Amino acid sequence: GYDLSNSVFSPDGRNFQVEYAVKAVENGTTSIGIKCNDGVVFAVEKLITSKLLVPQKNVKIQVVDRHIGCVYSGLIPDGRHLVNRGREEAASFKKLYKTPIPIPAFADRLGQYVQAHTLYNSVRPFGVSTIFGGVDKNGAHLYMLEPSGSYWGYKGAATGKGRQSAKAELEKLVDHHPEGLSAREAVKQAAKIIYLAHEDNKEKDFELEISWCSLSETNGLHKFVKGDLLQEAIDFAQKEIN
Amino acid sequence: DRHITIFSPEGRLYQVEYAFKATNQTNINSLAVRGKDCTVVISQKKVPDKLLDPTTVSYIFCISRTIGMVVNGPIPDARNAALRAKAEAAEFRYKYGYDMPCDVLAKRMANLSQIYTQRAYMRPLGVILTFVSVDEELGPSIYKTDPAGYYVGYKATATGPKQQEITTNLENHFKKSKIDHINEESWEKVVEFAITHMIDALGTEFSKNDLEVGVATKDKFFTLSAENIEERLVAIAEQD
Amino acid sequence: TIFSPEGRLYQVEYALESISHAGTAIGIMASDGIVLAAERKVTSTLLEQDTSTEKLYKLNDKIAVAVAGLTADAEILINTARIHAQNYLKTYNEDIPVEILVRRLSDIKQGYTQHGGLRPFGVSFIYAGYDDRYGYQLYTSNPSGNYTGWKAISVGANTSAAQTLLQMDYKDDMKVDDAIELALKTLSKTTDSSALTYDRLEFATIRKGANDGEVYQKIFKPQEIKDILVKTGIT
Amino acid sequence: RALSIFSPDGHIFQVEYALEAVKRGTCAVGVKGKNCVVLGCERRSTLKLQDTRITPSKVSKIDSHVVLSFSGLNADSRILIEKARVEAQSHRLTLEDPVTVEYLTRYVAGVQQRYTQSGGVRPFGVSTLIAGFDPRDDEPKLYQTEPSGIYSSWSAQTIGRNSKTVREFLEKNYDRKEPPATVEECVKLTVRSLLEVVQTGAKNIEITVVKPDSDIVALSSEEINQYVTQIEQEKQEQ
Amino acid sequence: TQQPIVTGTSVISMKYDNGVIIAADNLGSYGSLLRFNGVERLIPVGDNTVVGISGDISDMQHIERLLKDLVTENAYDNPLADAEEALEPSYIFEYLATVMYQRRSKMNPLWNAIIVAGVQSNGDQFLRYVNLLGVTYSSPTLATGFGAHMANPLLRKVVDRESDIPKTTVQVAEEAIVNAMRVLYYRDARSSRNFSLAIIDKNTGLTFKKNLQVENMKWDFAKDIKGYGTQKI
Amino acid sequence: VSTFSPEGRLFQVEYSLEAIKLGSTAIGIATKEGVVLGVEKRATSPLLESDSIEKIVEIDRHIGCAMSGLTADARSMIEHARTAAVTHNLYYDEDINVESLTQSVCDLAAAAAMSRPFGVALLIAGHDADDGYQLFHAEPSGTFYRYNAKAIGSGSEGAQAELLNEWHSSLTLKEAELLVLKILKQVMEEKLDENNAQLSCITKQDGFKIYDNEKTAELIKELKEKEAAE
Amino acid sequence: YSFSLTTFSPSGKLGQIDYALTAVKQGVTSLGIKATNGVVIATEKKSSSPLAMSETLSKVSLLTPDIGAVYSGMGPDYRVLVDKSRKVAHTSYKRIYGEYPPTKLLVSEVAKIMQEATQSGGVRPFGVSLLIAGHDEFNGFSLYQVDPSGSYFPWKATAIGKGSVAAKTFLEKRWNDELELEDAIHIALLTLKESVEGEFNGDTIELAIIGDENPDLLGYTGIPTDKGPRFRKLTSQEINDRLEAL
Amino acid sequence: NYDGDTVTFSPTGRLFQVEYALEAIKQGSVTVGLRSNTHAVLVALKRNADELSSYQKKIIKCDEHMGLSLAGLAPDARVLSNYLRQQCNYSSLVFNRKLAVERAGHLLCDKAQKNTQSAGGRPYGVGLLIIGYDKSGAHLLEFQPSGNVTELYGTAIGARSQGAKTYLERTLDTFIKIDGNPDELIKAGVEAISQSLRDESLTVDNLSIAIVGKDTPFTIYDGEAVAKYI
Amino acid sequence: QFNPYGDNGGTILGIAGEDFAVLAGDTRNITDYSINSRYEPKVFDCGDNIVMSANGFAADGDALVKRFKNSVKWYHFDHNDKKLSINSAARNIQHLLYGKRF
Ligand SMILES: [Mg+2]
Ligand SMILES: [Mg+2]
Ligand SMILES: [Mg+2]
Ligand SMILES: [Mg+2]
């Protein structure tokens, strides 16, 4: 019975409802992030359920303020919620401190909010995991947040179904390029890793989506990868995919 | 009777008990000791996945200029306690005109936990907090609190799965020395002692990226960096 | 605060049960005074009975009540009682009529019965009081919030027993000195312990001495109980 | 928390169970004559050594021309009464005319109804017989209200334990062509009915008569006894 | 219910056949003391709008903050943030007008006078005013404070009616605005010599000139003036 | 009380509807000469004064409604319905539209910020200039439908079926009166007399009129005769 | 959770209260002995490891300069109760009459707190029982015991927790109404020794008394109406000095 | 066990209540939506409970440039459309800006979500097809009570929707190009709604059509005016 | 002190003919002795064959007009596109104005 109400600790000290939330997460699309040399890239798998979908429209990545990028996997709506609050939490920081919210700061804000939903049985934890980050006064930052409200900083991160395939690919990158990775490179790379990771869901045609926040490529602001730059990576992935 | 913090027929609070187990979920061990004029807390640092940014993994926190706190328990619950410990410490200063003392801060935190213990809607937090500092009145200090709302001060202490072994080791030292503190003038050595006696009890050698040290002296608390630790680790590889 | 398929209030019914396990209190309404007596629950050689007050409480200079149930639940109800008393006095400058105070206290209890979700109060009261409209009165209120007035009554442990003993010896023209005796007798025969001793009793009266005009409430002191005991012959 | 809720069969258990408490309560009855209404009730006998002088009587004045009696949890009634009394004055104060029995009833009814669809409150364990006369009118009024909140008028009606039995007595002993055209006979009839359940008892029955223009009076233990006797006679004479 | 402290004077502006020009000095006065000299009072919002504000500065600085957030918040979940669904001058105005009218209706006004000058996506020039009372109006030229008394008369000489707008070149308009700014330096005690001008043209987009100075001033004649009546020397 | 079933229905709402099936039959029929509303009284004894049973109420001069189910629940609903027509007359100096009125009532229904749904349904019949004579049925779900004729309550199953047969886009007020009477008779356990059934109608010219027992009896009789034909 | 967690069971018991009473029963023993010119309350400093520091755990607390409290049950529940007790001492009293409340009154207030826990929605009773000792100009010396039910009653001497019965028994034989403070201390010590498992000395025991006024503990000389607090906690040294006289 | 509220994830990470809510949709009549690059149509097959009632209105106008078709629990649709009307209104009044369809979508999602994360609440049980013309062309959005919103060239929802969904899934290349001519787009819209029929053919009371586009404000064509589309 | 009110002059005139009505207004908008605009309409079409002008303090005139136009919008909503008759419109405005009686 220890898994019917949220705030309940089981005899082994686990909060089951949280872990179940995690399952909702696993059952979703894959997404990743690659902290690069002076920025971060985000990418996610948009599953095309039907020809009836208007192409490149149901955007899933989201921006917070102007320098933070957010992407998450799971119950989509739960993600949006997490982002709206992010936005309110970021505005509030700016209004009072003038400088846009530092990533470490922002993450913790999102952290504390989610953790709060594992404190009362009147609430269900969040059915999503979020990868987000950006550039600030001192470096790029990439974080991932799980339904327990647990979060940490990453070199690369991914989540959703293609999670393991993706992590594998990321692990390669870290060992092969400890120096860093140009934003351009990381872009294509993410495109790839998503393509690869797509195999754990190898049954439906997909639409890639990438975004980046780079100190030399986008001035520290979060922009979406579109046009020439997007196609380049789509092909770079279609290449090394065989 | 086993879902909310009410009493069980034997007069027990199960949810409180299970929260004590979650404190071990992380599998980290830590210890704190007091020097002549400082305080050290070592905690193992364990970074599994290679994709993690090692620098962001810590269970040791800077609560205020003078108070450092180490947590044994899951991170969410841990950070929750931190923020509050931080907030409270500040408020205390604004309203009373001097920095919140570590013990007072521990007591305050303990009282807050007790409430989760007594009200059904609040789940306890699965974490244990050791607050260390060199109090302007009391001197080097270590105060630890738990999910039951219990809090108390220690000559030295340890927390983690291998708590019992560490404690005995320390218990022995102080029983041999007769004093309630490491008799060393510089924190460096105390840190050394601390790590030495940690290795001595866990039966494991440590590298620089496997520890986490926090030191507190008169007017400041700081966490050493890998390099700093290394200078320690090196120096110990001479006595042993 | 819910109904049983039979049409009863669980928590209320159960409350009354808790009460039946409480010491016995008796209130006997004489023609020139009222007596209240109560047998104390759980004692010892070490309990200080001298400076004690656990079953007999003064509400107003003209109304006293005897308690059967949770001492703590009682005190809450009492304090508010004492307050309604004073409010009425301020508003009208006349002491509050017993029934008014009693009915008010009842209404609170009933509240716990009908809404909120809070456990009722584990208490029953015997009110001994005087007023210029009906003279001496004896009242009783229980957890359902119901109240009624008596010539003699008891609450707590062994009601049927005592109630039956009172119904037997009581007579319309009684006198305090006699009611005191009766009270003692009844308690004496309905105790659950060896023998009635001063240290286990709480006794009090509300008489209107002929050599004056205002009613005098006398809460008996330990020695006096020991004395009133010898006389009645419980020895 | 929603206590009074629907069940798979379309019932609000708490309300339904509320009625049970009504049945457990003593009996109360009222029949209306040609220029009067009477209400009789049987007295509770769980324990006896009562001080009749003070004990909260069963029939209460809502206003100088309207009374109410009930059957159910004695406590729950008091509230209904207060709310009714207070509303009686308020109507006077703002409409410059005392309540009509109907209005008062509809007021009391709505109060109960409300408790059946409000969270954290259990329905009232009570049914009331409200009677009296409209201001500057002579046509007698008798109304009935139940925990559901439903209400209506009755030439005669009863509630409380064994109400079914006495209801029957009335169903045939009261004809809507010659309503008890005298205080005396209306009383008789009520007593007669009451006897069928009360079980030969003087202090067991209390009878209250209500006449036009604030003329209300409760009969003393003995005035009733006289009726009892004359009734046992019109029984023994056969 | 307040009283302005540090303040900024007139903001002049007018519309020409292909866009709008607006200008305002760079002074923040503390009563009669010309305290702050580096105060920009034209706030460009995007690539098609400039908001000129006079009145209390602290309140202007707030309106600034508010405008930035408007931009930021418009980007949110808006893939067309820099195209079809970007902020139009008209949207910005309405927001502002509304705020002003609410603050006054709550008796805690934004002690200001603002002119929103810009060009709409379809080409239409946009020029509209709103003040601490929520009063709003539009016209070929607009000016607040002294500019209203002095600048409008001059500017209206170029554009008296709507039909005159399509007959006016940027050269002309810009010249006018600059002259007006010069007049105000002469006649307005709270003016400052250095100003800022911005043109929003339906082709060149937004041009924002900073650090301009009033030049070509006639003062030589002040030598032939002595006394205030009968003094000969 | 806000829990969905595996079938996708709200429990308390479904149950609420069952309680309604236990109530007196209410029938309304909508013509081009008016709308008739008739109900079955159903006295729990013959001591009860049949006239103190209110199941057809006037909401406003051009709107009346019949009820069925736990009738006490309907008090607040009528109150609100009245207040709303009135308020609408106050703010707009005109008659509220039957639909609007109804919608206003339903708007109240789903407010599950009252422990349970209403255990009662209504037949709101009325007339307004733009949509003529209209009949509406309002359910505790919060949903409402317009019908040409409709029956609710215990005997609604058979009644609805019979309505389906008797209704055509061209009856006269009298006709419908009879049918309601008829169908009332067909589903009433007791025999239809003027002390246990109630008819009412609403017309452009005279508005909402509840028929006086006497007029009803004349129709009941007029019915017995027309029925005992073949 | 706005409903009472402590409800009435069919036998007529308040589940949670009895359970809380059980928790109390398992706590370390504490005693109070009321003499003629004083009262003593003591307990044992159950060190849960020799690494912890004994002093940093006041099991015995000053509520007002003339009233102390000791407990048995869950320490945390006690700690917060002492806070609230000291508080109400001021709010409901020192801020209205300029003097601290009398023992029975404070006791009464504390009780009120615990009762609320017994009936307010969403909480559990306090798992503690306190022995509160004090003195006041009009009622003299008194000792009270307060339970999770809220019930309180005075004693000449008593003990609670673990060895309550044995202890009460020993107290019952040694107590008489002519006891001078030192003696009750003696008895407190003696009674304590039998329930104490290991080392019995000034660092494992905690005695506090309520007696004559201590001017030396006031902090200032000048105003002569208040001669000092009556509550004084015993020092390790003072305790041992007495132990040595076993 | 795990389907008591929405605050409970099952062991496989599902929210049954939400899911059950989604099932409420399937028991509603089919409603189709389809757009070209200049228009958006909403063809909604209305439903009847008996042969004497109204075919429940499935189309609601939310602003002169936007509207939606509902399938499921009407009440909820009212609540949701109304919220949509307000937000459209707020954009007009405060920014003199027409609310972007995508933006409206973001709003409904956010609204639905709150009802799928808190104790005591209940997910909304109704689906909606929102069409609207704006600064970026014609739009069609499908809204599901789970909180998910998707932009589509066409679709349909409700009982047997899957029929029309394939028709459109193939007819895309054909309708995405019906620019400058609304009649055709509607025809297609009807042709689509018919591949999810079974009961009978779409009638003059069955049909409900809504169109909006370049030089055409959201208009509701009910009954008579749809005659030429069967 | 802050004065929440102002005057923008202007003059309007409504005349009702046997089967038509006119609402005329000058176009000038002023403040004190300055002309704020030579062209700022003040008589508007509120839809439903209703013209209205709120002349006096322009801000209030503006707000009122907006609230009314909007009131027309909602009326159509809550009452199946029913045309708002002039008299109904009138009673409505009474309420709008009176809502701000203080
Ligand atoms: Mg993992
Ligand atoms: Mg809790
Ligand atoms: Mg809880
Ligand atoms: Mg009209």
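Protein chains in written order, with my numbering: chain A, 767 to 1008; chain B, 80 to 319; chain C, 2 to 236; chain D, 18 to 255; chain E, 58 to 290; chain F, 95 to 324; chain G, 927 to 1172; chain H, 145 to 374; chain I, 26 to 127.
Ideal placement from N, C-alpha and C gives every residue a C-beta, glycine not left out.
For chain D, is any of its Cβ atoms less than 8 Å away from the one on residue i?
i	result
residue 103 (chain F)	no
residue 147 (chain F)	yes
Answer with buried or exposed for residue i, where buried requires no fewer than 16 other C-beta atoms within 10 angstroms of its C-beta.
i	result
residue 120 (chain I)	exposed
residue 1124 (chain G)	exposed
residue 140 (chain F)	exposed
residue 159 (chain B)	buried
Would a check of beta-carbon distances place residue i closer than 8 Å to chain F?
i	result
residue 166 (chain D)	yes
residue 266 (chain H)	yes
At a Cβ threshold of 8 Å, is residue i touching chain C?
i	result
residue 1077 (chain G)	yes
In chain G, what lies closer than 8 Å to residue i by C-beta?
i	result
residue 87 (chain B)	945
Taking the C-alpha atoms as reference points, what is the distance between residue i and residue j?
i	j	result
residue 111 (chain C)	residue 121 (chain C)	9 Å
residue 876 (chain A)	residue 228 (chain B)	27 Å
residue 981 (chain A)	residue 869 (chain A)	14 Å
Taking Cβ-Cβ distances shorter than 7 Å, what residues in chain D pair up with residue i?
i	result
residue 325 (chain F)	With chain F covering only 95 through 324, there is no way to say anything about residue 325 (chain F).
Residues of chain F with CB closer than 7 Å to the CB of residue i, please, in chain order.
i	result
residue 116 (chain I)	185, 186, 187
Report yes or no: is there a C-beta of chain E within less than 8 Å of the C-beta of residue i?
i	result
residue 1004 (chain A)	no
Examine chain I for any beta-carbon lying closer than 8 Å to the beta-carbon of residue i, and answer yes or no.
i	result
residue 229 (chain H)	yes
residue 237 (chain H)	yes
What does residue i touch in chain H if you count any residue whose Cβ is under 9 Å from its own?
i	result
residue 82 (chain I)	Ordered by position in chain H, no residue passes the 9 Å Cβ test against residue 82 (chain I), which lies about 20 Å from the chain.
If the cut is a Cβ gap below 7 Å, which residues of chain A does residue i touch?
i	result
residue 129 (chain E)	831, 832
Run through DSSP, which three-state label would residue i get?
i	result
residue 157 (chain D)	strand
residue 42 (chain D)	coil
Taking C-beta pairs closer than 8 Å, name the residues in chain D that residue i reaches, listed in chain order.
i	result
residue 140 (chain F)	188
Which chain H residues are close to residue i, counting only those with a beta carbon under 8 Å from its beta carbon?
i	result
residue 108 (chain I)	What residue 108 (chain I) touches in chain H: nothing, since even the nearest Cβ is about 16 Å away.
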